[PDB]
There are 2 protein chains.
Amino acid sequence: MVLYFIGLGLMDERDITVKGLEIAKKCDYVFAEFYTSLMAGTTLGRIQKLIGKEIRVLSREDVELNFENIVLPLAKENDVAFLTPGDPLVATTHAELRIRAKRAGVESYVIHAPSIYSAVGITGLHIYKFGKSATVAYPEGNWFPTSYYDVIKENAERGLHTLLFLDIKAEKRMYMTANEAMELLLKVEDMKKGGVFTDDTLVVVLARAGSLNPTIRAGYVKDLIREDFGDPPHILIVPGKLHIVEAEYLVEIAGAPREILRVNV
Amino acid sequence: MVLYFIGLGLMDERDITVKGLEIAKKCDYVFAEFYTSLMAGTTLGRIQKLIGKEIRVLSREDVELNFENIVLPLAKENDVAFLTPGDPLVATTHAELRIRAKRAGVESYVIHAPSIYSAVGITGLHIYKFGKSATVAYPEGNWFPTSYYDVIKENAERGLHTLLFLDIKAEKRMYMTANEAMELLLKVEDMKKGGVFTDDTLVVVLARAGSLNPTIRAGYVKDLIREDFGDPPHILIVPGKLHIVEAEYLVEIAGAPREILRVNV
Ligand SMILES: Nc1ncnc2c1ncn2[C@@H]1O[C@H](CSCC[C@H](N)C(=O)O)[C@@H](O)[C@H]1O
Ligand SMILES: Nc1ncnc2c1ncn2[C@@H]1O[C@H](CSCC[C@H](N)C(=O)O)[C@@H](O)[C@H]1O
Ligand code: NA
């Protein structure tokens, strides 16, 4: 009868909400995609075991090109669920699928889950101080994306923090590390030379948020750029002007150099 | 010897994650605060029942002034949980509590849950397009705050959406409605004459995010200012220029006027 978009959360199958779990358990058919983000390798088997249903995993093409041919037809006479990493509508184009559902006469409901977008709170940076967000995309052949560099500049000018989602090419098992993101940014700085991202820029890295032991590190690019932050997924953040307590947390919790405790108001 | 910061999610007792619930159940002591926000879709009783643990509620003062003498002492020799609406560490001052834990020789871990920061994705507005966030505060006595108006201006100016949290008096259970927020913004507009918020401004209202049947409405202030958006909580969003896909979602899913497809894109 209906279609449920259910988020699985940040890191593993236990990041699903009780609400999402109880609803998924009652669905006739269950689909999912694992290309918009990276979760624990054992999330599928465990979530299948958790909801007690066989789950059909869909590729980006299956969804973007054939969602209304593979999933919607079933949601016409059965309760169907579509599982996704984190929150289904954050930094994805899945919201458009609700429009496809409506046009096919299918009612849809959304069950949220922990998202990397709000998990940034664990970095100690005030979430209301984040400005426009951006994605550091892998260059492709002669194509070298750079717009994310301009986002940092725009936010920095306003004293706002910049959240940088990192690229992912699931079919190729490619998950961009904060290290790779920093290298690309230094390359763009070389071209544009705007003094936006350099070896002296303070950055914050959050790896495997949602796990009980995520890696939270803050420091200068020259120091962080070759540091091991553990397995992906990773996000990179370029803070703007820091409040005293933000710097204090970065130093006490994220191991930032005590030098940042001193803020130039 | 361990303190767990656990989010309860958006609206009711089922918005906690499986991870959060299982951990809370194994804690010797469980504390909670409902001053940053209130779980309007449930009660303390229903949450206690789900967790199967007595829950000691803490006031703003208990937390802000005495966290280290109320919560931390017990965490030194037992597993303790601190429950908060939404996602932990989203509230501006909560991150600092982890510093207090460290200073007390107490380890702390964070269990995430859905936050309105990410749940607003259900409005169809791209998360990356959101800029700085603000809170609409009730004017009091001789104090007439207006910074939230300047935030909208700075974001909209750069084509970014503005997430506006509405004033709440948890203790008195007083919630500012989207309707009241709009009236206030018009009053502020009449004072600053910035051409930022008028009867012709397109806004989005999201009420009861997290529930299976949230109220999602989009339209011009002149039309929505007296519309019934249902029971709180309400969040107001003033989007910047829309991507055609965002506009289509608002029209098809949020009942927005066809007009936005030409006027606000
Ligand atoms: N647990 C996690 N830890 C660190 N970064 C994460 C993460 N989950 C997602 N990301 C970041 O976000 C990118 C996916 S973007 C999709 C996000 C998802 N809808 C959500 O709500 O979280 C990843 O490539 C990575 O840069
Ligand atoms: N379910 C919900 N729907 C709409 N707005 C909500 C909401 N829950 C909280 N808010 C908004 O946010 C304000 C409290 S801010 C506290 C938010 C919390 N830490 C989180 O992570 O979500 C409220 O006054 C209200 O305007
Ligand atoms: Na934001």
# chains A, B, ... in the order shown; residues from 1 in each chain; ligands from 1
call {"tool": "residues_near_ligand", "arguments": {"ligand": "ligand 3", "cutoff": "10 Å", "atoms": "only C-alpha atoms and all ligand atoms", "output": "ChimeraX atom specification"}}
result
/A:117-118,120,126-133,161-163 /B:117-118,127-134,161-163
call {"tool": "write_last_selection", "arguments": {"atoms": "C-alpha atoms", "output": "compact mmCIF listing (two decimals), in the first residue's frame"}}
result
# COMPACT_ATOMS: atom_id res chain seq x y z
CA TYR A 117 25.16 16.43 8.94
CA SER A 118 24.13 16.70 12.59
CA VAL A 120 29.26 17.25 13.30
CA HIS A 126 28.63 25.00 17.24
CA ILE A 127 26.31 23.52 14.63
CA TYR A 128 24.47 26.80 14.05
CA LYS A 129 27.79 28.33 12.91
CA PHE A 130 28.07 26.04 9.88
CA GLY A 131 27.47 27.77 6.57
CA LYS A 132 26.98 26.43 3.06
CA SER A 133 28.20 22.83 2.71
CA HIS A 161 32.37 26.70 9.47
CA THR A 162 32.39 24.62 6.29
CA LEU A 163 31.28 20.99 6.21
CA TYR B 117 19.15 19.83 11.49
CA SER B 118 19.10 16.79 9.23
CA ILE B 127 20.95 20.23 2.81
CA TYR B 128 24.09 21.77 1.33
CA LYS B 129 22.16 24.97 0.55
CA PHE B 130 21.45 25.76 4.19
CA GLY B 131 23.53 28.60 5.59
CA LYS B 132 23.96 29.91 9.14
CA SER B 133 21.09 28.94 11.45
CA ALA B 134 19.31 31.11 14.02
CA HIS B 161 18.30 28.60 3.01
CA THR B 162 17.88 29.70 6.62
CA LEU B 163 16.81 27.26 9.32
call {"tool": "residues_around", "arguments": {"residues": "residue 74 in chain A", "least_positions_apart": "4", "cutoff": "10 Å", "atoms": "only C-alpha atoms", "output": "list in words"}}
result
residues 1, 2, 3, 28, 29, 68, 69, 70, 78, 79, 80 and 106 of chain A
call {"tool": "interface_residues", "arguments": {"of": "chain A", "to": "chain B", "cutoff": "8 Å", "atoms": "only C-alpha atoms", "output": "ChimeraX atom specification"}}
result
/A:14-19,87,89-91,95-96,98-99,102,109-115,117-119,121-122,124,126-134,160,210,212-213,245,249,252-253
call {"tool": "calpha_fit_and_write", "arguments": {"fixed": "chain B", "moving": "chain A", "output": "JSON list (two decimals) with C-alpha atoms, in the first residue's frame"}}
result
[["chain", "number", "residue", "atom", "x", "y", "z"],
["A", 1, "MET", "CA", 32.81, 3.95, 34.72],
["A", 2, "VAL", "CA", 31.63, 6.09, 31.81],
["A", 3, "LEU", "CA", 29.01, 8.63, 30.75],
["A", 4, "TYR", "CA", 26.87, 8.21, 27.63],
["A", 5, "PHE", "CA", 25.13, 11.15, 25.95],
["A", 6, "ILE", "CA", 22.23, 9.48, 24.15],
["A", 7, "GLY", "CA", 19.83, 11.23, 21.82],
["A", 8, "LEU", "CA", 16.17, 10.21, 21.91],
["A", 9, "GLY", "CA", 15.42, 11.64, 18.49],
["A", 10, "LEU", "CA", 12.87, 13.93, 16.86],
["A", 11, "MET", "CA", 9.42, 13.10, 18.18],
["A", 12, "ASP", "CA", 9.00, 10.08, 20.45],
["A", 13, "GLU", "CA", 10.81, 7.32, 22.34],
["A", 14, "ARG", "CA", 10.98, 5.15, 19.23],
["A", 15, "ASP", "CA", 13.26, 7.71, 17.58],
["A", 16, "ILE", "CA", 16.15, 6.45, 19.71],
["A", 17, "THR", "CA", 18.64, 4.30, 17.78],
["A", 18, "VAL", "CA", 18.86, 0.57, 18.53],
["A", 19, "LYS", "CA", 22.43, 1.28, 19.63],
["A", 20, "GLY", "CA", 21.25, 3.93, 22.06],
["A", 21, "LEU", "CA", 18.52, 1.67, 23.41],
["A", 22, "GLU", "CA", 20.78, -1.36, 23.99],
["A", 23, "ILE", "CA", 23.40, 0.80, 25.71],
["A", 24, "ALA", "CA", 20.87, 2.65, 27.87],
["A", 25, "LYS", "CA", 19.46, -0.70, 29.01],
["A", 26, "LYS", "CA", 22.87, -1.63, 30.46],
["A", 27, "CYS", "CA", 23.49, 1.65, 32.30],
["A", 28, "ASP", "CA", 23.39, 1.80, 36.09],
["A", 29, "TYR", "CA", 21.85, 5.29, 36.32],
["A", 30, "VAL", "CA", 19.85, 7.25, 33.75],
["A", 31, "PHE", "CA", 19.31, 11.01, 33.60],
["A", 32, "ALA", "CA", 17.57, 13.14, 30.98],
["A", 33, "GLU", "CA", 16.51, 16.69, 30.15],
["A", 34, "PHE", "CA", 13.44, 17.81, 28.21],
["A", 35, "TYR", "CA", 14.07, 21.54, 28.01],
["A", 36, "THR", "CA", 16.16, 21.78, 24.83],
["A", 37, "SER", "CA", 13.25, 20.63, 22.66],
["A", 38, "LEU", "CA", 9.73, 19.22, 22.75],
["A", 39, "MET", "CA", 8.97, 15.52, 22.35],
["A", 40, "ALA", "CA", 5.73, 13.55, 22.74],
["A", 41, "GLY", "CA", 4.28, 13.99, 26.22],
["A", 42, "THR", "CA", 4.37, 10.22, 26.70],
["A", 43, "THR", "CA", 8.05, 9.89, 25.75],
["A", 44, "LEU", "CA", 9.32, 9.73, 29.36],
["A", 45, "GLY", "CA", 7.00, 7.06, 30.70],
["A", 46, "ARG", "CA", 7.39, 5.04, 27.52],
["A", 47, "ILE", "CA", 11.15, 5.42, 27.32],
["A", 48, "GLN", "CA", 11.39, 4.45, 31.00],
["A", 49, "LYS", "CA", 9.31, 1.37, 30.19],
["A", 50, "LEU", "CA", 11.41, 0.79, 27.07],
["A", 51, "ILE", "CA", 14.80, 0.91, 28.80],
["A", 52, "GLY", "CA", 13.41, -0.56, 32.01],
["A", 53, "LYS", "CA", 15.02, 2.04, 34.28],
["A", 54, "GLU", "CA", 13.81, 4.92, 36.43],
["A", 55, "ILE", "CA", 14.83, 8.18, 34.80],
["A", 56, "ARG", "CA", 15.73, 11.31, 36.75],
["A", 57, "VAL", "CA", 14.81, 14.42, 34.76],
["A", 58, "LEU", "CA", 17.08, 17.45, 35.15],
["A", 59, "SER", "CA", 16.25, 21.14, 34.77],
["A", 60, "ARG", "CA", 18.38, 23.64, 32.84],
["A", 61, "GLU", "CA", 19.83, 24.83, 36.13],
["A", 62, "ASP", "CA", 20.61, 21.28, 37.28],
["A", 63, "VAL", "CA", 22.62, 20.75, 34.09],
["A", 64, "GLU", "CA", 24.27, 24.08, 33.36],
["A", 65, "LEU", "CA", 25.09, 24.78, 36.99],
["A", 66, "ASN", "CA", 25.37, 21.35, 38.64],
["A", 67, "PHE", "CA", 26.03, 18.66, 36.02],
["A", 68, "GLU", "CA", 29.38, 17.87, 37.64],
["A", 69, "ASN", "CA", 27.72, 17.64, 41.07],
["A", 70, "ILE", "CA", 24.69, 15.52, 40.15],
["A", 71, "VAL", "CA", 25.71, 13.34, 37.20],
["A", 72, "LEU", "CA", 29.50, 13.11, 36.99],
["A", 73, "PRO", "CA", 29.98, 11.81, 40.56],
["A", 74, "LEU", "CA", 28.03, 8.66, 39.64],
["A", 75, "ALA", "CA", 29.84, 8.17, 36.31],
["A", 76, "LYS", "CA", 32.95, 7.60, 38.44],
["A", 77, "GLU", "CA", 32.03, 4.06, 39.53],
["A", 78, "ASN", "CA", 29.02, 3.32, 37.32],
["A", 79, "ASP", "CA", 27.85, 3.47, 33.71],
["A", 80, "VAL", "CA", 25.65, 6.54, 33.39],
["A", 81, "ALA", "CA", 23.44, 7.76, 30.57],
["A", 82, "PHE", "CA", 22.15, 11.28, 29.92],
["A", 83, "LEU", "CA", 19.20, 11.36, 27.50],
["A", 84, "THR", "CA", 18.19, 14.37, 25.41],
["A", 85, "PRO", "CA", 15.66, 15.16, 22.67],
["A", 86, "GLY", "CA", 16.93, 14.86, 19.07],
["A", 87, "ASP", "CA", 20.73, 14.71, 18.83],
["A", 88, "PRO", "CA", 22.43, 15.74, 22.14],
["A", 89, "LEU", "CA", 24.94, 18.14, 20.58],
["A", 90, "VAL", "CA", 22.84, 19.91, 17.94],
["A", 91, "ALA", "CA", 21.71, 23.43, 18.85],
["A", 92, "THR", "CA", 22.54, 22.87, 22.53],
["A", 93, "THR", "CA", 25.47, 23.64, 24.74],
["A", 94, "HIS", "CA", 25.75, 19.99, 25.83],
["A", 95, "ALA", "CA", 29.09, 19.55, 24.01],
["A", 96, "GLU", "CA", 30.72, 21.60, 26.76],
["A", 97, "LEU", "CA", 29.58, 18.95, 29.24],
["A", 98, "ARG", "CA", 32.06, 16.54, 27.62],
["A", 99, "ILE", "CA", 34.79, 18.94, 28.75],
["A", 100, "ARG", "CA", 33.42, 18.85, 32.30],
["A", 101, "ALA", "CA", 33.40, 15.05, 32.13],
["A", 102, "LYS", "CA", 37.05, 14.97, 31.06],
["A", 103, "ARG", "CA", 38.17, 17.35, 33.79],
["A", 104, "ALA", "CA", 36.44, 15.08, 36.32],
["A", 105, "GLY", "CA", 38.33, 12.08, 34.92],
["A", 106, "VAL", "CA", 35.17, 10.63, 33.35],
["A", 107, "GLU", "CA", 35.19, 9.09, 29.86],
["A", 108, "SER", "CA", 32.20, 10.02, 27.72],
["A", 109, "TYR", "CA", 30.64, 8.62, 24.56],
["A", 110, "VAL", "CA", 28.01, 10.07, 22.24],
["A", 111, "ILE", "CA", 25.18, 8.12, 20.63],
["A", 112, "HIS", "CA", 23.48, 10.16, 17.92],
["A", 113, "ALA", "CA", 19.78, 10.17, 17.00],
["A", 114, "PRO", "CA", 17.61, 11.83, 14.30],
["A", 115, "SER", "CA", 17.96, 15.62, 14.49],
["A", 116, "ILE", "CA", 15.73, 18.42, 13.22],
["A", 117, "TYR", "CA", 18.87, 19.79, 11.54],
["A", 118, "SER", "CA", 18.99, 16.93, 9.03],
["A", 119, "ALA", "CA", 15.25, 16.25, 9.02],
["A", 120, "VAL", "CA", 14.93, 19.46, 6.97],
["A", 121, "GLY", "CA", 15.58, 17.12, 4.06],
["A", 122, "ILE", "CA", 11.89, 16.18, 4.16],
["A", 123, "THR", "CA", 11.00, 19.71, 2.96],
["A", 124, "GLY", "CA", 12.49, 18.90, -0.44],
["A", 125, "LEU", "CA", 15.07, 21.69, -0.08],
["A", 126, "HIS", "CA", 18.61, 20.49, -0.86],
["A", 127, "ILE", "CA", 20.33, 20.25, 2.50],
["A", 128, "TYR", "CA", 23.71, 21.36, 1.13],
["A", 129, "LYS", "CA", 22.08, 24.68, 0.13],
["A", 130, "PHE", "CA", 21.36, 25.68, 3.73],
["A", 131, "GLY", "CA", 23.54, 28.48, 5.03],
["A", 132, "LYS", "CA", 24.06, 29.88, 8.51],
["A", 133, "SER", "CA", 21.24, 28.90, 10.90],
["A", 134, "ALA", "CA", 19.55, 31.03, 13.55],
["A", 135, "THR", "CA", 17.07, 31.04, 16.41],
["A", 136, "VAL", "CA", 13.99, 33.27, 16.60],
["A", 137, "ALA", "CA", 14.06, 34.21, 20.29],
["A", 138, "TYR", "CA", 11.16, 35.52, 22.38],
["A", 139, "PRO", "CA", 11.53, 39.21, 23.19],
["A", 140, "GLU", "CA", 12.16, 39.74, 26.92],
["A", 141, "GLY", "CA", 10.89, 42.91, 28.58],
["A", 142, "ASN", "CA", 12.52, 45.78, 26.69],
["A", 143, "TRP", "CA", 14.97, 43.38, 25.03],
["A", 144, "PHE", "CA", 14.02, 42.55, 21.43],
["A", 145, "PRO", "CA", 16.45, 40.11, 19.69],
["A", 146, "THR", "CA", 16.89, 40.69, 15.94],
["A", 147, "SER", "CA", 20.15, 39.06, 14.77],
["A", 148, "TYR", "CA", 18.24, 36.18, 13.17],
["A", 149, "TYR", "CA", 16.84, 38.67, 10.66],
["A", 150, "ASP", "CA", 20.38, 39.51, 9.53],
["A", 151, "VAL", "CA", 21.18, 35.82, 9.08],
["A", 152, "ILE", "CA", 18.31, 35.41, 6.62],
["A", 153, "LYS", "CA", 19.53, 38.47, 4.73],
["A", 154, "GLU", "CA", 23.10, 37.17, 4.55],
["A", 155, "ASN", "CA", 22.03, 33.71, 3.34],
["A", 156, "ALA", "CA", 19.43, 35.06, 0.91],
["A", 157, "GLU", "CA", 22.07, 37.28, -0.69],
["A", 158, "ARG", "CA", 24.11, 34.12, -1.36],
["A", 159, "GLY", "CA", 21.07, 32.21, -2.61],
["A", 160, "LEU", "CA", 21.15, 29.91, 0.44],
["A", 161, "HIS", "CA", 18.29, 28.58, 2.58],
["A", 162, "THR", "CA", 17.92, 29.64, 6.20],
["A", 163, "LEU", "CA", 16.93, 27.22, 8.96],
["A", 164, "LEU", "CA", 15.29, 28.99, 11.90],
["A", 165, "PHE", "CA", 15.11, 27.04, 15.17],
["A", 166, "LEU", "CA", 12.21, 28.39, 17.22],
["A", 167, "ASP", "CA", 12.38, 29.38, 20.89],
["A", 168, "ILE", "CA", 11.33, 27.20, 23.80],
["A", 169, "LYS", "CA", 10.83, 27.95, 27.50],
["A", 170, "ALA", "CA", 9.99, 24.48, 28.83],
["A", 171, "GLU", "CA", 9.52, 25.59, 32.44],
["A", 172, "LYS", "CA", 6.78, 27.97, 31.27],
["A", 173, "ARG", "CA", 5.41, 25.45, 28.75],
["A", 174, "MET", "CA", 6.10, 27.95, 25.96],
["A", 175, "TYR", "CA", 6.90, 26.59, 22.49],
["A", 176, "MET", "CA", 7.15, 29.16, 19.72],
["A", 177, "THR", "CA", 4.98, 28.46, 16.69],
["A", 178, "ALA", "CA", 5.96, 29.25, 13.12],
["A", 179, "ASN", "CA", 3.09, 31.75, 13.23],
["A", 180, "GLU", "CA", 4.65, 33.62, 16.15],
["A", 181, "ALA", "CA", 8.04, 33.52, 14.41],
["A", 182, "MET", "CA", 6.55, 35.08, 11.28],
["A", 183, "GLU", "CA", 4.89, 37.83, 13.33],
["A", 184, "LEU", "CA", 8.19, 38.69, 15.03],
["A", 185, "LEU", "CA", 10.03, 38.74, 11.70],
["A", 186, "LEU", "CA", 7.46, 41.08, 10.15],
["A", 187, "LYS", "CA", 8.01, 43.35, 13.14],
["A", 188, "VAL", "CA", 11.77, 43.40, 12.58],
["A", 189, "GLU", "CA", 11.22, 44.07, 8.87],
["A", 190, "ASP", "CA", 9.17, 47.09, 9.93],
["A", 191, "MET", "CA", 12.13, 48.43, 11.91],
["A", 192, "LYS", "CA", 15.06, 47.60, 9.61],
["A", 193, "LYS", "CA", 13.09, 47.77, 6.35],
["A", 194, "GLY", "CA", 15.58, 45.68, 4.41],
["A", 195, "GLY", "CA", 13.07, 43.86, 2.24],
["A", 196, "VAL", "CA", 14.23, 40.62, 3.85],
["A", 197, "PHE", "CA", 10.95, 39.30, 5.26],
["A", 198, "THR", "CA", 7.55, 40.49, 4.01],
["A", 199, "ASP", "CA", 4.02, 39.27, 3.28],
["A", 200, "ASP", "CA", 5.31, 38.16, -0.12],
["A", 201, "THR", "CA", 8.24, 36.13, 1.19],
["A", 202, "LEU", "CA", 8.07, 32.39, 0.50],
["A", 203, "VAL", "CA", 8.50, 30.28, 3.63],
["A", 204, "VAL", "CA", 8.40, 26.63, 4.59],
["A", 205, "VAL", "CA", 7.08, 25.25, 7.86],
["A", 206, "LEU", "CA", 7.90, 21.82, 9.24],
["A", 207, "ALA", "CA", 5.92, 20.75, 12.29],
["A", 208, "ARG", "CA", 6.39, 17.61, 14.36],
["A", 209, "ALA", "CA", 9.11, 16.13, 12.17],
["A", 210, "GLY", "CA", 9.68, 12.51, 13.17],
["A", 211, "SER", "CA", 5.98, 11.81, 13.50],
["A", 212, "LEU", "CA", 4.57, 9.66, 10.72],
["A", 213, "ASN", "CA", 2.38, 12.58, 9.65],
["A", 214, "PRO", "CA", 4.34, 15.81, 10.04],
["A", 215, "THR", "CA", 2.87, 19.03, 8.70],
["A", 216, "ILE", "CA", 4.94, 20.30, 5.77],
["A", 217, "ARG", "CA", 3.70, 23.55, 4.27],
["A", 218, "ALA", "CA", 5.14, 26.10, 1.87],
["A", 219, "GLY", "CA", 3.71, 29.41, 0.72],
["A", 220, "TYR", "CA", 3.74, 33.18, 1.10],
["A", 221, "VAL", "CA", 3.81, 34.77, 4.55],
["A", 222, "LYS", "CA", 0.55, 36.64, 3.91],
["A", 223, "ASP", "CA", -1.13, 33.25, 3.44],
["A", 224, "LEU", "CA", 0.72, 31.06, 6.01],
["A", 225, "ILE", "CA", 0.96, 33.56, 8.85],
["A", 226, "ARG", "CA", -2.44, 32.61, 10.30],
["A", 227, "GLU", "CA", -2.61, 29.00, 9.18],
["A", 228, "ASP", "CA", -2.89, 26.19, 11.74],
["A", 229, "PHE", "CA", 0.18, 23.92, 11.49],
["A", 230, "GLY", "CA", -0.81, 21.75, 14.42],
["A", 231, "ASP", "CA", 0.93, 21.37, 17.75],
["A", 232, "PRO", "CA", 4.58, 22.34, 18.26],
["A", 233, "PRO", "CA", 7.46, 21.79, 17.85],
["A", 234, "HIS", "CA", 7.85, 23.86, 14.69],
["A", 235, "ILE", "CA", 10.75, 25.20, 12.64],
["A", 236, "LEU", "CA", 10.55, 27.94, 10.06],
["A", 237, "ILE", "CA", 12.65, 28.00, 6.91],
["A", 238, "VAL", "CA", 13.22, 30.88, 4.51],
["A", 239, "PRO", "CA", 14.45, 29.39, 1.21],
["A", 240, "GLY", "CA", 16.94, 31.19, -1.00],
["A", 241, "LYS", "CA", 17.04, 30.72, -4.79],
["A", 242, "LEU", "CA", 15.16, 27.51, -5.65],
["A", 243, "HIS", "CA", 16.28, 24.70, -7.95],
["A", 244, "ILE", "CA", 13.54, 23.45, -10.26],
["A", 245, "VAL", "CA", 13.10, 20.17, -8.36],
["A", 246, "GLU", "CA", 12.96, 21.96, -4.98],
["A", 247, "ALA", "CA", 10.03, 24.08, -6.19],
["A", 248, "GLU", "CA", 8.40, 20.97, -7.68],
["A", 249, "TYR", "CA", 8.53, 19.15, -4.33],
["A", 250, "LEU", "CA", 7.22, 22.16, -2.40],
["A", 251, "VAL", "CA", 4.25, 22.31, -4.79],
["A", 252, "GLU", "CA", 3.55, 18.57, -4.99],
["A", 253, "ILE", "CA", 4.28, 17.65, -1.37],
["A", 254, "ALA", "CA", 4.04, 20.83, 0.71],
["A", 255, "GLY", "CA", 1.06, 22.36, -1.08],
["A", 256, "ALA", "CA", 2.88, 25.48, -2.26],
["A", 257, "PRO", "CA", 1.14, 27.74, -4.81],
["A", 258, "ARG", "CA", 1.84, 26.45, -8.33],
["A", 259, "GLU", "CA", 3.17, 29.94, -9.07],
["A", 260, "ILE", "CA", 6.48, 29.07, -7.41],
["A", 261, "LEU", "CA", 7.08, 26.38, -10.03],
["A", 262, "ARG", "CA", 8.30, 29.30, -12.14],
["A", 263, "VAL", "CA", 11.79, 30.25, -10.97],
["A", 264, "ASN", "CA", 13.49, 33.51, -11.94],
["A", 265, "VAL", "CA", 16.96, 32.19, -12.78]]
call {"tool": "select_by_dssp", "arguments": {"residues": "range 103-255 of chain B", "states": "alpha helix (DSSP H)", "output": "VMD selection string"}}
result
chain B and resid 103 116 to 119 147 to 157 178 to 192 221 to 224 244 to 253
